[PDB]
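Heads up: the structure comes next, in structure tokens.
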Amino acid sequence: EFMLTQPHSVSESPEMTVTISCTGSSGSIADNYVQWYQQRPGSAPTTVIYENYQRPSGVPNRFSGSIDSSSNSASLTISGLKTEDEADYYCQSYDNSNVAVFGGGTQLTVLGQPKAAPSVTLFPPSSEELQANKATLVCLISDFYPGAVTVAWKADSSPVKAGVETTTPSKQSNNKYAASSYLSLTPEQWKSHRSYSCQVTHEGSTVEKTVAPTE
Amino acid sequence: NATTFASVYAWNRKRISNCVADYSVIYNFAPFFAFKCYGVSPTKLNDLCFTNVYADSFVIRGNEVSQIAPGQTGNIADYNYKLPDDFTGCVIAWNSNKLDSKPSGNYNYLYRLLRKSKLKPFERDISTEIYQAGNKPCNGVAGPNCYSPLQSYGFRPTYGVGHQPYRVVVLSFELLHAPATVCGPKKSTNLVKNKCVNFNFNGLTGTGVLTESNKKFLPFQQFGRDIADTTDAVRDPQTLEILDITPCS
Amino acid sequence: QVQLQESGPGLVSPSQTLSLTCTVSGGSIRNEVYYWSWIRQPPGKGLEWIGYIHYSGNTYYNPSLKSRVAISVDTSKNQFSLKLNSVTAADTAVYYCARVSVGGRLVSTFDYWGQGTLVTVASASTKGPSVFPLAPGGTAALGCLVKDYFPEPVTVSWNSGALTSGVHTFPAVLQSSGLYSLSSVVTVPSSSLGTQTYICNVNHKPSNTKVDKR
Amino acid sequence: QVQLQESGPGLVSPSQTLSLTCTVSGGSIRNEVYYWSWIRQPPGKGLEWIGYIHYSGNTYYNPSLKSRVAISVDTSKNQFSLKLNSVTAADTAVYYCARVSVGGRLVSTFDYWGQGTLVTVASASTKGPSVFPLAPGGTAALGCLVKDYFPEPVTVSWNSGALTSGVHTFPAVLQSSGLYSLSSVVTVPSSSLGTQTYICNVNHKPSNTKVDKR
Ligand SMILES: *[C@@H]1O[C@H](CO)[C@@H](O)[C@H](O)[C@H]1NC(C)=O
């Protein structure tokens, strides 16, 4: 057994020197070649460093690995980090019995992202769903910078008693966040009220839509 | 199916003779990395017959498979195993990383690094004499101008495919002067009596009707003939019974 | 470029034998990389190595999953499959197949990876897909809603993949009733709300059920 | 295919008889090309045609070298020899034997040649060279030094003729005392400096002396 340990999360300002370390526990690191892979959310990992010193084509020169036999650990130092490199990293090695082992992973985060306002969007249930004796509200959030954004629902007088679902925000293609919310209820209760609203909690601000079921 | 194969410098050879050379049982093993045949054809190898088959078994290190061939030159080809310029046979090789490798390193296999002269075809030379690189003697231990004759392989399971241990079996098929004895299987359809069919018992080609008779031959006799030198009866080599040979009509 | 395509049933009942098929495109497995491995990743967790197979019959498995993992290969179809017997809820992970380069001195270089797929290890209250339209300045937003479907892996499409400008997706969520829900919208000008009706072409991968609705 | 191989001593004393023997492999000289010629080339100079001989004994020589060149053939051994008496210091050249495709319409088509051997005409008669190995970023380099020898042709093999990737050779130079020096290195990884000793193999053809050092 040759297990590798990595820090779970890490963050650093852009255009600075960042180094991701990965340490072995039950084996010699100099016995096999350590590989690093970049895996963005919703995509397959891509080879970054192989043979511990070689880098394939297409990868920027900012990536560079290192091997330390004294501390039986490896370190992936970066020069000039930026937003396009915000992804997960893993150290992959091999045990003495030809067994490949992947690292615990390292969540890289870029703090120097530009500030943006959330794009709150709410959609009421259509008539095709109301005819099916059901109703479901779809609230959409996007383009927001803070990741601690929570959701809320109001019936313009009190919180909605119906079921409420909450989704965890995730990164977009442009390093921004995106989230969604859902609420299900009967069509009779939906058509018998004046308005429903989807409240979004943002840093120092809040946005609501207040869509009215009355046609 | 051997559990342990000898090293390349000390390759063990087995003689195959006086048996049914059914080469089809070889394909039941793992997919062969190399099956190059010289002179003989593997498609109809069972159809031909040979005198003796030399099975040279040894293990080499990956890319060294390309060195075992008639007319090649290399470290293994010149100092560990040399094939003749007119070799007639097949070279079978397959990977054995899951058997001949250990995590701590399987240093049980060794090979001769060099010698004063090249090896003759099918020559074996096992010794521990320290090689004398310089004019000074090399008795006792290998000094600065001396080197050990044998070198050990690593054979770790983490090495690349070019360095993995490959078991190689070289089969020879040269007929020197003796008549051939190992031809392989020659199965055919069963007997059909009371009907005129062509027969080829042990090479006795003809046409006639086979029928049982009380003409029991001697234990060493195979077939019978009349006063006209014509075959009249023959025995069935599967179940020993005398069957007469007469023209149908 | 060499591309891989995972395949197999997206929903497997518990205590059953899991089976997934990986298709190799761009050549044949004789001399290319000599190794093809499987890697799984639980949702929100790290990667996990499973094992690779050689075309000569050499197989290697994870020590933690020796008796459960079974790997086979077929050189005639250029496809290698991964088998897992007696699956449970702990096996919930997205499986990937990848090639391993052994031409060097040591094994390394996981150069290419597949598209990946998720396998549902639950069969309780299995239901099919269901869709419902969503009602919608110079621009407006609207899309199609998919609900009442038990299997997690689902695919979306718009206008048969022709001119998909403004298409955006959102992560799914499991409702309290035991069914997932997915939403996909598209940004279009306000003039195109009543003219040039766009069609959403979501597809339920575990059942290959294509549904088209405005 | 049919190829040629030169043989004979590479160092001849002045005013002596030069003797060289060319060996043909496979094709016996009765019907193959009917003609086999000798061609010598001084260092850095043009090709000097010497002469060819027919299988029936029809010999031909160069006009400038008619009084010294004597060519013979031995069909029993598929070998033909070249004799050059009264050699001079200016006769330093690398000799080659090649065949002529006269079987066509006219004499032409020097299709196949030999590897050639360097022949030095001097009364030095120096013995074999003294060798000294040179023991050793991600890659390193090591070599073996060869000095103190008048006859140039020597072998520069490595690892008993294996792993030739990265091997490089350098031209020789004559010292002030009258000896040549040779150097050749090979690029090796820095991590592999502990095992797999890269032996350098040298052989002095004029004396058949072989030395192997790490
Ligand atoms: C013969 O080969 C089979 C696999 O084909 C193997 O399981 C068995 O152990 C081999 N026999 C011996 C004696 O090793």
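Indices start at 1 and increase along the chain as displayed.
Determination method: electron microscopy, 3.0 Å.
Yeah, the Cβs are placed from backbone N, Cα and C, and that goes for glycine too.
Residues annotated as disulfide bond in Swiss-Prot: B:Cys37-B:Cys90 (among others). Applying an 8 A CB threshold to same-chain residues 6+ apart, the list for B:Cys90 (disulfide bond) reads B:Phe35, B:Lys36, B:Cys37, B:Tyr38, B:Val40, B:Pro42, B:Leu45, B:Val170, B:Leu171.
When Cβ atoms from all protein chains are considered, those within 10 Å of B:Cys49 (disulfide bond) total 14, not counting its own. Reduced to three states, the DSSP call for B:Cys49 (disulfide bond) is coil. The annotation disulfide bond is assigned in Swiss-Prot to B:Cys49-B:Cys183 (among others).
In the three-state DSSP assignment, the secondary structure recorded for B:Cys146 (disulfide bond) is strand. Swiss-Prot lists B:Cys138-B:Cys146 (among others) with the feature disulfide bond.
Here the Cβ of B:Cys248 (disulfide bond) has 9 other Cβ atoms within 10 Å, regardless of which shown protein chain they belong to. Residues annotated as disulfide bond in Swiss-Prot, with experimental evidence given as evidence: B:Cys196-B:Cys248 (among others).
Annotated N-linked glycosylation site per Swiss-Prot: B:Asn1, in sequence order. Look at B:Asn1 (N-linked glycosylation site): DSSP puts it in coil. Listed in sequence order, B:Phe29 are the same-chain residues six or more apart from B:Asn1 (N-linked glycosylation site) with CB atoms under 8 A from its CB.
Within the chain, the region 'Disordered' (B:177-199) has long-range Cβ neighbours (under 8 A, six or more residues past its boundaries) at 16-23, 45-53, 205-212, 234, 236, 238, 243, 245, 247-249. Swiss-Prot lists B:177-199 with the feature region 'Disordered'.
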Query = Sequence gap of 6 or more, C-beta under 8 Å: which same-chain residues meet both conditions with respect to B:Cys138 (disulfide bond)?
reply = B:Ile130, B:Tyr131, B:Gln132, B:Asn145, B:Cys146
Those disulfide-bonded residues in B:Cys49, B:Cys138, B:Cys146 whose CB falls under 6 A of ligand 1, listed in sequence order = none
Inquiry  = Across the region 'Disordered' (B:177-199), what are the DSSP residue counts per state (helix, strand, coil)?
reply    = 0 helix, 5 strand, 18 coil
Inquiry  = Is it possible to get the count of other C-beta atoms within 10 angstroms of the C-beta of B:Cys146 (disulfide bond)?
reply    = 17
Task = Provide, as an integer number of angstrom, the distance between the C-alpha atoms of B:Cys196 (disulfide bond) and B:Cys49 (disulfide bond).
result = 31
Task = Give the residue from the disulfide-bonded residues B:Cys37, B:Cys183 that has the most other Cβ atoms within 10 Å of its Cβ, counting over every protein chain displayed.
result = B:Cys37
Ask   = To the nearest whole angstrom, what is the C-alpha distance linking B:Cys183 (disulfide bond) and B:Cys248 (disulfide bond)?
value = 33
